[PDB]
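Trainee: Following this message is one structure expressed as structure tokens.
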Amino acid sequence: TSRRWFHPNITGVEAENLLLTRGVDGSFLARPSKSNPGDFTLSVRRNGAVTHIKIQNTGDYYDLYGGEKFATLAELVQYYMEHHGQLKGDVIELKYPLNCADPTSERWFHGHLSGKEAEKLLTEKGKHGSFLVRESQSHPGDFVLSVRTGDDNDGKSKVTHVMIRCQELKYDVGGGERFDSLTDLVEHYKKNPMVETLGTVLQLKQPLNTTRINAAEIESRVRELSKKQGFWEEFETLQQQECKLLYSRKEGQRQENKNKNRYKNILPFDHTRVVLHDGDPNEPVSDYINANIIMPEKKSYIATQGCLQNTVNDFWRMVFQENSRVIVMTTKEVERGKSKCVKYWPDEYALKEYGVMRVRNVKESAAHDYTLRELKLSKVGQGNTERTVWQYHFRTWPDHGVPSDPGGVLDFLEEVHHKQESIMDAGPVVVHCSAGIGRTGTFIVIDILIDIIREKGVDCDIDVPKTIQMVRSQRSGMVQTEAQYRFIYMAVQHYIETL
Ligand SMILES: Nc1nccc(Sc2cnc(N3CCC4(CC3)Cc3ccccc3[C@H]4N)nn2)c1Cl
């Protein structure tokens with residue numbers, strides 16, 4: 001429910017002193033790493049001392065040093081808080097989250113925002129119950145809560161401002177309880193709304209949205225985010241909302257399915273996973289594959305992992321069952337000496353049987369950025385089930401970070417979109433990388449946003465963090481890093497500029 005153990009604006013020394021003076025043995029927090037930008041550090045207190053554990057994310061997963069790989073920091077913390085002797089050669093316990101007081105990553109916090117700008121934003125894009133917290137422009141250290149109430153400009157709605165005083169490190173609205181953080185204050189008055197005289201209830205229903213913008217304003221917004229809502233503040237605000245997406249992944253945790261996962265803790269949500277049917281009645285569990293349906297709001301997607309040698313047959317069962325006609329692979333088979341995906345397709349002009357499924361590689365066409373493989377997929381023993389599956393194998397995604405220019409990705413996705421659109425009643429587009437959350441989520445999110453612009457031009461609303469959060473509700477940790485977050489903005493900006 002909460003993610004208060006993540007401190008966005010703290011240093012290693014500040015983490016140590018915070019755990020030593022305000023924590024106990026078993027207390028812990030997470031924080032960004034300043035020695036390795038883009039990475040993170042888990043700081044845990046033990047025996048009166050603090051240990052720092054490195055968590056690196058190059059774009060595919062959160063790699064805890066000496067631990068396991070996870071899709072989100074919340075799923076990481078959730079894993080070790082219920083599994084006692086996993087984290088370590090001495091064993092380490094995650095017992096008490098040390099809660100952050102910084103309101104930086106809260107959706108309703110907007111920092112240095114004037115009272116007139118707050119009224120303007122709430123006027124133009126706010127609804128009944130839309131609220132925000134801003135710094136007081138007159139009293140430094142104080143804050144203002146601005147809420148919109150009314151019926152959903154004729155005076156039927158209004159904007160009310162509530163002063164938040166900071167008195168001896170505590171916050172209050174002029175009376176009642178005093179809170180140790182703006183988060184506790186906001187949470188309290190969401191549960192117990194303020195009622196002014198004459199009966200108006202100041203309902204804190206939803207934060208003010210400042211990320212949804214018109215498509216033509218993307219270039220301006222990217223310029224604002226590149227130099228106090230920046231890229232980091234917006235991304236980390238979205239990251240805080242990952243704690244609402246801790247849905248069960250019990251099917252992927254079953255004993256019969258552990259070896260079907262490339263990474264044992266990066267698993268599909270039960271409620272969106274692709275369930276395979278008509279499996280072998282002798283195999284006890286034959287319905288599982290590490291893959292999720294991704295629906296926008298239009299095409300749909302299957303986000304999945306790179307095949308293992310023992311999941312190739314299930315991969316083709318999935319492609320056949322879901323009537324998929326296009327596969328997007330955004331990784332080499334080997335990258336930096338590490339195996340990311342086994343070769344699940346035949347050589348050119350060759351024919352292979354993968355279990356009950358038969359695949360012919362009809363022709364390969366090589367572009368600079370990608371290779372296209374025209375495959376015929378059919379069930380063995382049934383010559384009436386054949387259908388063409390077009391595999392688009394993106395080859396030039398860099399080993400480190402994201403592409404410096406999105407033109408290769410955009411031309412790639414444009415070709416994939418038109419191939420899919422030209423096939424009547426085609427199923428979802430299969431997208432995969434290694435773990436199937438990082439590059440895969442980035443490609444899918446860009447494709448979703450570009451499809452909106454392709455049909456609506458510049459006169460359409462797009463909301464990058466809202467789209468990512470909606471996609472993240474269907475597969476764990478879709479879009480992994482801030483570099484990918486920035487790349488999505490730049491690809492959308494580049495696509496608009498070439499309209
Ligand atoms: N469903 C859904 N829909 C839309 C968005 C989201 S996340 C999200 C992402 N970004 C934002 N803002 C608003 C809050 C700020 C970042 C910009 C603005 C600001 C200014 C100064 C200092 C810090 C901050 C951040 N606190 N809100 N929600 C989600 Cl989860």
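To be explicit about the labels: the chains of the structure tokens are called A, B, and onward in the order shown, and within each one the residues are counted from 1, while ligands get numbers from 1 in the order they are shown.
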Which residues of chain A come within 9 Å of ligand 1, and what is each one's closest atom pair and distance in Å (one decimal), counting only C-alpha atoms and all ligand atoms, sorted by chain and residue number, as JSON lines?
Mentor:
```
{"residue": "A:103", "atom": "CA", "partner": "ligand 1", "partner_atom_place_in_ligand_line": "26 (N)", "distance": 7.1}
{"residue": "A:104", "atom": "CA", "partner": "ligand 1", "partner_atom_place_in_ligand_line": "23 (C)", "distance": 4.7}
{"residue": "A:105", "atom": "CA", "partner": "ligand 1", "partner_atom_place_in_ligand_line": "26 (N)", "distance": 4.5}
{"residue": "A:106", "atom": "CA", "partner": "ligand 1", "partner_atom_place_in_ligand_line": "26 (N)", "distance": 4.6}
{"residue": "A:107", "atom": "CA", "partner": "ligand 1", "partner_atom_place_in_ligand_line": "27 (N)", "distance": 4.2}
{"residue": "A:108", "atom": "CA", "partner": "ligand 1", "partner_atom_place_in_ligand_line": "14 (C)", "distance": 5.8}
{"residue": "A:109", "atom": "CA", "partner": "ligand 1", "partner_atom_place_in_ligand_line": "26 (N)", "distance": 4.6}
{"residue": "A:110", "atom": "CA", "partner": "ligand 1", "partner_atom_place_in_ligand_line": "20 (C)", "distance": 3.6}
{"residue": "A:111", "atom": "CA", "partner": "ligand 1", "partner_atom_place_in_ligand_line": "21 (C)", "distance": 4.2}
{"residue": "A:112", "atom": "CA", "partner": "ligand 1", "partner_atom_place_in_ligand_line": "21 (C)", "distance": 6.5}
{"residue": "A:113", "atom": "CA", "partner": "ligand 1", "partner_atom_place_in_ligand_line": "20 (C)", "distance": 8.0}
{"residue": "A:132", "atom": "CA", "partner": "ligand 1", "partner_atom_place_in_ligand_line": "14 (C)", "distance": 8.9}
{"residue": "A:134", "atom": "CA", "partner": "ligand 1", "partner_atom_place_in_ligand_line": "21 (C)", "distance": 8.5}
{"residue": "A:207", "atom": "CA", "partner": "ligand 1", "partner_atom_place_in_ligand_line": "27 (N)", "distance": 7.7}
{"residue": "A:208", "atom": "CA", "partner": "ligand 1", "partner_atom_place_in_ligand_line": "13 (C)", "distance": 7.4}
{"residue": "A:209", "atom": "CA", "partner": "ligand 1", "partner_atom_place_in_ligand_line": "27 (N)", "distance": 6.2}
{"residue": "A:210", "atom": "CA", "partner": "ligand 1", "partner_atom_place_in_ligand_line": "12 (N)", "distance": 5.7}
{"residue": "A:211", "atom": "CA", "partner": "ligand 1", "partner_atom_place_in_ligand_line": "12 (N)", "distance": 5.8}
{"residue": "A:212", "atom": "CA", "partner": "ligand 1", "partner_atom_place_in_ligand_line": "4 (C)", "distance": 7.1}
{"residue": "A:228", "atom": "CA", "partner": "ligand 1", "partner_atom_place_in_ligand_line": "21 (C)", "distance": 4.2}
{"residue": "A:229", "atom": "CA", "partner": "ligand 1", "partner_atom_place_in_ligand_line": "20 (C)", "distance": 3.8}
{"residue": "A:230", "atom": "CA", "partner": "ligand 1", "partner_atom_place_in_ligand_line": "16 (C)", "distance": 7.1}
{"residue": "A:231", "atom": "CA", "partner": "ligand 1", "partner_atom_place_in_ligand_line": "16 (C)", "distance": 8.1}
{"residue": "A:232", "atom": "CA", "partner": "ligand 1", "partner_atom_place_in_ligand_line": "16 (C)", "distance": 8.3}
{"residue": "A:233", "atom": "CA", "partner": "ligand 1", "partner_atom_place_in_ligand_line": "25 (C)", "distance": 5.0}
{"residue": "A:234", "atom": "CA", "partner": "ligand 1", "partner_atom_place_in_ligand_line": "16 (C)", "distance": 3.8}
{"residue": "A:235", "atom": "CA", "partner": "ligand 1", "partner_atom_place_in_ligand_line": "9 (C)", "distance": 6.1}
{"residue": "A:236", "atom": "CA", "partner": "ligand 1", "partner_atom_place_in_ligand_line": "9 (C)", "distance": 7.4}
{"residue": "A:237", "atom": "CA", "partner": "ligand 1", "partner_atom_place_in_ligand_line": "9 (C)", "distance": 4.8}
{"residue": "A:238", "atom": "CA", "partner": "ligand 1", "partner_atom_place_in_ligand_line": "7 (S)", "distance": 3.7}
{"residue": "A:239", "atom": "CA", "partner": "ligand 1", "partner_atom_place_in_ligand_line": "7 (S)", "distance": 7.4}
{"residue": "A:240", "atom": "CA", "partner": "ligand 1", "partner_atom_place_in_ligand_line": "7 (S)", "distance": 7.9}
{"residue": "A:241", "atom": "CA", "partner": "ligand 1", "partner_atom_place_in_ligand_line": "30 (Cl)", "distance": 5.3}
{"residue": "A:242", "atom": "CA", "partner": "ligand 1", "partner_atom_place_in_ligand_line": "30 (Cl)", "distance": 7.8}
{"residue": "A:463", "atom": "CA", "partner": "ligand 1", "partner_atom_place_in_ligand_line": "4 (C)", "distance": 6.5}
{"residue": "A:464", "atom": "CA", "partner": "ligand 1", "partner_atom_place_in_ligand_line": "4 (C)", "distance": 7.5}
{"residue": "A:465", "atom": "CA", "partner": "ligand 1", "partner_atom_place_in_ligand_line": "5 (C)", "distance": 4.8}
{"residue": "A:466", "atom": "CA", "partner": "ligand 1", "partner_atom_place_in_ligand_line": "3 (N)", "distance": 3.5}
{"residue": "A:467", "atom": "CA", "partner": "ligand 1", "partner_atom_place_in_ligand_line": "3 (N)", "distance": 7.3}
{"residue": "A:468", "atom": "CA", "partner": "ligand 1", "partner_atom_place_in_ligand_line": "30 (Cl)", "distance": 7.9}
{"residue": "A:469", "atom": "CA", "partner": "ligand 1", "partner_atom_place_in_ligand_line": "30 (Cl)", "distance": 5.3}
{"residue": "A:470", "atom": "CA", "partner": "ligand 1", "partner_atom_place_in_ligand_line": "1 (N)", "distance": 6.8}
```
Trainee: Any chance you can output those residues with N, CA and C atoms as a tab-separated table (two decimals), in the first residue's frame?
Mentor:
```
chain	number	residue	atom	x	y	z
A	103	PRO	N	7.99	15.25	0.40
A	103	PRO	CA	6.81	15.11	-0.47
A	103	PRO	C	7.15	15.19	-1.95
A	104	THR	N	8.43	15.02	-2.29
A	104	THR	CA	8.89	15.28	-3.65
A	104	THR	C	8.15	14.43	-4.67
A	105	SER	N	8.00	13.13	-4.40
A	105	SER	CA	7.46	12.20	-5.37
A	105	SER	C	5.95	11.98	-5.22
A	106	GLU	N	5.26	12.84	-4.49
A	106	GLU	CA	3.81	12.72	-4.35
A	106	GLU	C	3.11	13.36	-5.54
A	107	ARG	N	2.04	12.71	-6.01
A	107	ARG	CA	1.33	13.20	-7.19
A	107	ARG	C	0.73	14.58	-6.96
A	108	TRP	N	0.35	14.90	-5.73
A	108	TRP	CA	-0.33	16.15	-5.42
A	108	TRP	C	0.63	17.27	-5.03
A	109	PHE	N	1.93	17.01	-4.97
A	109	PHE	CA	2.90	18.02	-4.58
A	109	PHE	C	3.52	18.65	-5.82
A	110	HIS	N	3.55	19.98	-5.86
A	110	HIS	CA	4.02	20.70	-7.04
A	110	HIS	C	5.07	21.75	-6.72
A	111	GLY	N	5.62	21.75	-5.51
A	111	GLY	CA	6.75	22.60	-5.19
A	111	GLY	C	6.46	24.07	-5.38
A	112	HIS	N	7.40	24.77	-6.02
A	112	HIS	CA	7.29	26.21	-6.23
A	112	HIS	C	6.24	26.52	-7.28
A	113	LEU	N	5.00	26.73	-6.85
A	113	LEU	CA	3.90	27.04	-7.74
A	113	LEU	C	3.11	28.19	-7.13
A	132	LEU	N	-3.98	20.10	-4.72
A	132	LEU	CA	-2.53	20.18	-4.89
A	132	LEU	C	-1.95	20.86	-3.66
A	134	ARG	N	1.44	23.19	-2.55
A	134	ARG	CA	2.51	24.03	-3.07
A	134	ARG	C	3.20	24.74	-1.91
A	207	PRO	N	-5.43	14.02	-7.22
A	207	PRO	CA	-4.45	15.09	-7.45
A	207	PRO	C	-4.68	15.77	-8.79
A	208	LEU	N	-4.21	17.01	-8.87
A	208	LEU	CA	-4.29	17.75	-10.13
A	208	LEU	C	-3.33	17.15	-11.14
A	209	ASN	N	-3.84	16.87	-12.34
A	209	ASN	CA	-3.02	16.30	-13.40
A	209	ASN	C	-2.31	17.41	-14.15
A	210	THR	N	-0.98	17.37	-14.16
A	210	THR	CA	-0.17	18.31	-14.93
A	210	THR	C	0.73	17.61	-15.93
A	211	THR	N	0.55	16.31	-16.15
A	211	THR	CA	1.34	15.57	-17.12
A	211	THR	C	0.62	15.35	-18.44
A	212	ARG	N	-0.71	15.31	-18.44
A	212	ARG	CA	-1.46	15.23	-19.68
A	212	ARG	C	-1.39	16.58	-20.40
A	228	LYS	N	8.93	23.14	-10.08
A	228	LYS	CA	10.19	22.63	-10.61
A	228	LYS	C	10.03	21.18	-11.05
A	229	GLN	N	9.07	20.94	-11.93
A	229	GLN	CA	8.78	19.60	-12.43
A	229	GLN	C	9.74	19.28	-13.57
A	230	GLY	N	10.76	18.48	-13.27
A	230	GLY	CA	11.68	17.99	-14.27
A	230	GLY	C	11.42	16.55	-14.64
A	231	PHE	N	12.32	16.00	-15.46
A	231	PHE	CA	12.22	14.60	-15.84
A	231	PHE	C	12.32	13.69	-14.63
A	232	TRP	N	13.26	13.98	-13.73
A	232	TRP	CA	13.47	13.12	-12.57
A	232	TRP	C	12.29	13.19	-11.60
A	233	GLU	N	11.79	14.39	-11.33
A	233	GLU	CA	10.65	14.53	-10.43
A	233	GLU	C	9.42	13.82	-10.98
A	234	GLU	N	9.16	13.96	-12.28
A	234	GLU	CA	8.00	13.31	-12.88
A	234	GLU	C	8.14	11.79	-12.87
A	235	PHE	N	9.32	11.28	-13.23
A	235	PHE	CA	9.53	9.84	-13.26
A	235	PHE	C	9.41	9.24	-11.86
A	236	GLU	N	10.08	9.85	-10.88
A	236	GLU	CA	10.04	9.31	-9.52
A	236	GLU	C	8.65	9.41	-8.91
A	237	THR	N	7.86	10.41	-9.31
A	237	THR	CA	6.47	10.45	-8.89
A	237	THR	C	5.71	9.24	-9.43
A	238	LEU	N	5.93	8.92	-10.71
A	238	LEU	CA	5.33	7.72	-11.29
A	238	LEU	C	5.83	6.47	-10.59
A	239	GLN	N	7.12	6.43	-10.24
A	239	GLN	CA	7.68	5.25	-9.58
A	239	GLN	C	7.04	5.01	-8.22
A	240	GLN	N	6.67	6.08	-7.50
A	240	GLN	CA	6.03	5.91	-6.20
A	240	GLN	C	4.70	5.18	-6.32
A	241	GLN	N	4.02	5.34	-7.46
A	241	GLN	CA	2.72	4.71	-7.67
A	241	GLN	C	2.82	3.22	-8.00
A	242	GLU	N	4.04	2.68	-8.11
A	242	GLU	CA	4.19	1.25	-8.38
A	242	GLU	C	3.72	0.39	-7.21
A	463	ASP	N	-0.59	11.39	-22.24
A	463	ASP	CA	-0.16	11.45	-20.84
A	463	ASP	C	0.80	10.27	-20.64
A	464	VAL	N	2.10	10.54	-20.78
A	464	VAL	CA	3.09	9.47	-20.74
A	464	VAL	C	3.06	8.69	-19.44
A	465	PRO	N	3.13	9.30	-18.25
A	465	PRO	CA	3.10	8.50	-17.02
A	465	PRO	C	1.79	7.76	-16.82
A	466	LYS	N	0.66	8.34	-17.23
A	466	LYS	CA	-0.61	7.63	-17.12
A	466	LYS	C	-0.63	6.40	-18.01
A	467	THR	N	-0.09	6.52	-19.22
A	467	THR	CA	-0.04	5.37	-20.12
A	467	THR	C	0.88	4.28	-19.57
A	468	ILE	N	2.01	4.67	-18.99
A	468	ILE	CA	2.94	3.69	-18.43
A	468	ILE	C	2.32	3.01	-17.21
A	469	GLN	N	1.63	3.77	-16.36
A	469	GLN	CA	0.98	3.18	-15.19
A	469	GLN	C	-0.10	2.19	-15.61
A	470	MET	N	-0.86	2.52	-16.66
A	470	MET	CA	-1.88	1.60	-17.15
A	470	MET	C	-1.24	0.33	-17.70
```
Trainee: Taking 5 positions as the minimum chain separation for residues in the same chain, which residues sit within 10 Å of residue 375 (chain A) when counting only C-alpha atoms? Answer as a PDB file with N, CA and C atoms, in the first residue's frame.
Mentor:
```
ATOM      1  N   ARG A 325       0.158 -12.573 -35.427  1.00  0.00           N
ATOM      2  CA  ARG A 325       0.750 -12.586 -36.756  1.00  0.00           C
ATOM      3  C   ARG A 325       2.035 -11.779 -36.845  1.00  0.00           C
ATOM      4  N   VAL A 326       2.416 -11.072 -35.784  1.00  0.00           N
ATOM      5  CA  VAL A 326       3.610 -10.233 -35.776  1.00  0.00           C
ATOM      6  C   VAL A 326       4.335 -10.434 -34.453  1.00  0.00           C
ATOM      7  N   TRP A 345      13.453 -19.684 -33.785  1.00  0.00           N
ATOM      8  CA  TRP A 345      13.048 -19.733 -35.177  1.00  0.00           C
ATOM      9  C   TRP A 345      14.033 -20.579 -35.977  1.00  0.00           C
ATOM     10  N   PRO A 346      13.591 -21.194 -37.070  1.00  0.00           N
ATOM     11  CA  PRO A 346      14.514 -21.962 -37.907  1.00  0.00           C
ATOM     12  C   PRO A 346      15.402 -21.050 -38.742  1.00  0.00           C
ATOM     13  N   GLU A 348      16.983 -19.709 -42.270  1.00  0.00           N
ATOM     14  CA  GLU A 348      16.278 -19.340 -43.490  1.00  0.00           C
ATOM     15  C   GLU A 348      16.123 -20.551 -44.401  1.00  0.00           C
ATOM     16  N   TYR A 349      14.918 -20.708 -44.952  1.00  0.00           N
ATOM     17  CA  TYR A 349      14.495 -21.797 -45.831  1.00  0.00           C
ATOM     18  C   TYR A 349      14.362 -23.132 -45.110  1.00  0.00           C
ATOM     19  N   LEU A 351      12.810 -25.820 -42.015  1.00  0.00           N
ATOM     20  CA  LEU A 351      11.541 -26.181 -41.397  1.00  0.00           C
ATOM     21  C   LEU A 351      11.821 -26.939 -40.110  1.00  0.00           C
ATOM     22  N   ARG A 358       4.590 -26.402 -36.091  1.00  0.00           N
ATOM     23  CA  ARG A 358       5.522 -26.504 -37.206  1.00  0.00           C
ATOM     24  C   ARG A 358       5.771 -25.111 -37.767  1.00  0.00           C
ATOM     25  N   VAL A 359       7.044 -24.742 -37.906  1.00  0.00           N
ATOM     26  CA  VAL A 359       7.430 -23.401 -38.333  1.00  0.00           C
ATOM     27  C   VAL A 359       8.408 -23.509 -39.494  1.00  0.00           C
ATOM     28  N   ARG A 360       8.088 -22.840 -40.597  1.00  0.00           N
ATOM     29  CA  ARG A 360       8.985 -22.705 -41.738  1.00  0.00           C
ATOM     30  C   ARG A 360       9.460 -21.263 -41.831  1.00  0.00           C
ATOM     31  N   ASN A 361      10.764 -21.080 -42.022  1.00  0.00           N
ATOM     32  CA  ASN A 361      11.338 -19.762 -42.285  1.00  0.00           C
ATOM     33  C   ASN A 361      11.349 -19.574 -43.797  1.00  0.00           C
ATOM     34  N   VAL A 362      10.386 -18.808 -44.306  1.00  0.00           N
ATOM     35  CA  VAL A 362      10.223 -18.676 -45.750  1.00  0.00           C
ATOM     36  C   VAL A 362      11.298 -17.779 -46.343  1.00  0.00           C
ATOM     37  N   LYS A 363      11.508 -16.607 -45.752  1.00  0.00           N
ATOM     38  CA  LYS A 363      12.447 -15.646 -46.308  1.00  0.00           C
ATOM     39  C   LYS A 363      12.873 -14.675 -45.220  1.00  0.00           C
ATOM     40  N   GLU A 364      14.132 -14.257 -45.274  1.00  0.00           N
ATOM     41  CA  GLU A 364      14.666 -13.240 -44.383  1.00  0.00           C
ATOM     42  C   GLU A 364      15.041 -12.005 -45.188  1.00  0.00           C
ATOM     43  N   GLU A 386      -2.415 -23.186 -41.223  1.00  0.00           N
ATOM     44  CA  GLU A 386      -1.246 -22.369 -41.512  1.00  0.00           C
ATOM     45  C   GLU A 386      -1.597 -20.887 -41.533  1.00  0.00           C
ATOM     46  N   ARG A 387      -0.702 -20.076 -40.972  1.00  0.00           N
ATOM     47  CA  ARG A 387      -0.806 -18.627 -41.045  1.00  0.00           C
ATOM     48  C   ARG A 387       0.598 -18.045 -41.005  1.00  0.00           C
ATOM     49  N   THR A 388       0.761 -16.888 -41.637  1.00  0.00           N
ATOM     50  CA  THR A 388       2.064 -16.244 -41.710  1.00  0.00           C
ATOM     51  C   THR A 388       2.309 -15.411 -40.458  1.00  0.00           C
ATOM     52  N   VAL A 389       3.477 -15.593 -39.851  1.00  0.00           N
ATOM     53  CA  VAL A 389       3.899 -14.825 -38.686  1.00  0.00           C
ATOM     54  C   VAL A 389       5.146 -14.045 -39.073  1.00  0.00           C
ATOM     55  N   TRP A 390       5.086 -12.722 -38.934  1.00  0.00           N
ATOM     56  CA  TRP A 390       6.172 -11.831 -39.332  1.00  0.00           C
ATOM     57  C   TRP A 390       6.975 -11.450 -38.093  1.00  0.00           C
ATOM     58  N   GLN A 391       8.224 -11.903 -38.030  1.00  0.00           N
ATOM     59  CA  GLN A 391       9.097 -11.624 -36.899  1.00  0.00           C
ATOM     60  C   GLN A 391      10.011 -10.455 -37.244  1.00  0.00           C
TER      61      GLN A 391
END
```
Trainee: Measuring between only C-alpha atoms, which one of A:449, A:92, A:483, A:471 shows the shortest distance to residue 272 (chain A)?
Mentor: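 Looking at the shortest contact to residue 272 (chain A), the residue is A:471.
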Trainee: Looking at A:286, A:409, A:245, A:219, which one is nearest to residue 260 (chain A), with distances taken over only C-alpha atoms?
Mentor: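 Smallest separation from residue 260 (chain A) among the options: A:286.
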Trainee: With only C-alpha atoms as the counted atoms, please give the residues lying no more than 7 Å from residue 357 (chain A), apart from itself and same-chain residues fewer than 6 positions off, as a list in words.
Mentor: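 Those residues are residues 316, 317, 377, 378, 379 and 380 of chain A.
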Trainee: For the structure I just gave you, how does DSSP split region 155-332 of chain A - specifically, which residues are strand (DSSP E or B)? Reply as a PyMOL selection string.
Mentor: chain A and resi 157-167+170-172+179+194-195+201-202+206-207+213-214+273+291-294+301-304+326-329
Trainee: Can you pull out every residue within 9 Å of region 162-178 of chain A, counting only C-alpha atoms, but drop anything in the same chain fewer than 3 positions away, and send it as a VMD selection string?
Mentor: chain A and resid 136 139 141 to 147 181 to 182 185
Trainee: Those same residues, written as a PDB file, in the first residue's frame with C-alpha atoms?
Mentor:
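For reference, part_11.pdb as written:
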```pdb
ATOM      1  CA  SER A 136       4.010  29.231   0.441  1.00  0.00           C
ATOM      2  CA  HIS A 139       6.247  32.330   4.313  1.00  0.00           C
ATOM      3  CA  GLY A 141       8.774  26.650   4.995  1.00  0.00           C
ATOM      4  CA  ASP A 142       4.973  26.880   4.959  1.00  0.00           C
ATOM      5  CA  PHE A 143       2.703  25.296   2.359  1.00  0.00           C
ATOM      6  CA  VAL A 144      -0.697  25.860   0.748  1.00  0.00           C
ATOM      7  CA  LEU A 145      -3.360  23.276  -0.098  1.00  0.00           C
ATOM      8  CA  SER A 146      -5.561  24.350  -3.019  1.00  0.00           C
ATOM      9  CA  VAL A 147      -8.730  22.328  -3.660  1.00  0.00           C
ATOM     10  CA  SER A 181       4.912  15.277   7.091  1.00  0.00           C
ATOM     11  CA  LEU A 182       2.709  16.724   4.376  1.00  0.00           C
ATOM     12  CA  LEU A 185      -1.520  15.651   6.730  1.00  0.00           C
TER      13      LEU A 185
END
```
Trainee: May I ask which of the residues A:321, A:404, A:304, A:313 is the closest one to residue 430 (chain A), counting only C-alpha atoms?
Mentor: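 Of A:321, A:404, A:304, A:313, the one nearest residue 430 (chain A) is A:304, counting only C-alpha atoms.
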Trainee: Measure the distance from CA of residue 216 (chain A) to CA of residue 458 (chain A) in Å and round it to one decimal.
Mentor: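 So the answer is 5.3 Å.
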Trainee: Please measure the separation of CA of residue 331 (chain A) and CA of residue 393 (chain A), giving the value in Å to one decimal.
Mentor: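 Separation between CA of residue 331 (chain A) and CA of residue 393 (chain A): 7.4 Å.
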Trainee: Pick the closest to residue 451 (chain A) from A:396, A:137, A:481, A:300: which is it, counting only C-alpha atoms?
Mentor: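 So, comparing all the options, the nearest one is A:300.
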Trainee: Kindly give the distance, in Å, that separates CA of residue 119 (chain A) and CA of residue 159 (chain A), rounded to a single decimal.
Mentor: 6.6 Å
Trainee: Could you list, as a ChimeraX atom specification, every residue within 7 Å of residue 40 (chain A), counting only C-alpha atoms and ignoring same-chain residues fewer than 4 positions away?
Mentor: /A:31-33,54-56
Trainee: Extract, using only C-alpha atoms, all DNA, RNA and protein residues at most 12 Å from residue 455 (chain A), discarding same-chain residues fewer than 6 positions from it, and format them as a PyMOL selection string.
Mentor: chain A and resi 298+448-449+496+499
Trainee: Go through A:214, A:480, A:47, A:265 and flag the residue nearest residue 20 (chain A), using only C-alpha atoms for the distances.
Mentor: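 With only C-alpha atoms as the atom set, the closest residue is A:47.
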Trainee: DSSP on the backbone, helix (DSSP H, G or I) only: what residues of region 427-490 of chain A does that give? Format it as a PyMOL selection string.
Mentor: chain A and resi 439-456+464-472+482-490
Trainee: I'd like to know which of A:473, A:58, A:311, A:422 is closest to residue 293 (chain A), using only C-alpha atoms.
Mentor: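 When distances to residue 293 (chain A) are compared using only C-alpha atoms, the smallest one comes from A:473.
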Trainee: Excluding residue 10 (chain A) and residues on its chain fewer than 2 positions from it, collect all residues at most 10 Å away from it, counting only C-alpha atoms, and give them as an MDAnalysis selection string.
Mentor: chainID A and resid 6:8 12:15 18 30:34 100 102
